[PDB]
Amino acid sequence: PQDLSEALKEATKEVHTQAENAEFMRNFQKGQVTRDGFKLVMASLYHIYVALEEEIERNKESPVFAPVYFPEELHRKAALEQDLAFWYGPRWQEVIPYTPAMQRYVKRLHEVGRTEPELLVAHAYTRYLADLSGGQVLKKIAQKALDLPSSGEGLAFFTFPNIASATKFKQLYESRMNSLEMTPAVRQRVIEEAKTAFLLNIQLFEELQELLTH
């Protein structure tokens, strides 16, 4: 539709299905997930969020992003640090992996926040609404499949403490996105960058699948 939030959903319908068919993702979707597979996903999320959040901070005051700037409600770096310390130990920062697919995703994030900030919204939208929408089912799948100790840590990433209602926050977020002022050219590029975002994820899964089954 005419609303960007609406245009984005319809346009990425295909890549979303593709992301779904991602072996690593479909397996996870079916419960087929191992500690090592999970650990790789968390390290992956950590590098992605460090880059994303780093770029969001860089453009927080820009009209092309300010409306969707939700630091308290959305930041994930801290939660992931808390999770990685659990999954990788006190020296997690020295052992977590940083694979080519992770780097490639990080690279496009920085390229966007630095040279194409008007498109950062596409990446924030893809990531945040992805993690906010399916986060619970995946977390749920995780604790049941991972059978982790009652340590009380490792899954903080999946809980957005500063968000009482995901559905309501989503409405607010979509409204903020639609409040953004952009020309048809930029809107087309943002739509296209959303797809690029899914593709980067899809290639990430593919890689983590090649790594896990080796």
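Don't overthink the numbering: it's just position in the shown sequence, from 1.
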property	result
Mean C-alpha temperature factor, higher of 55 to 63 and 145 to 153	145 to 153
Mean temperature factor over C-alpha atoms, higher-scoring stretch between 127 to 135 and 77 to 85	127 to 135
Out of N162, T183, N27, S175, highest CA B-factor residue	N27
C-alpha B-factor winner, where the candidates are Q32, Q171, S179, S44	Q32
Third of the chain, ranked by Cα B-factor, where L200 sits	middle
Ranked against its chain, the third holding the CA B-factor of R104	middle
Ranked C-alpha temperature factor of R114 among modelled chain residues, by third	middle
B-factor third for the C-alpha atom of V15 within its chain	highest
Ranked C-alpha temperature factor of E193 among modelled chain residues, by third	lowest
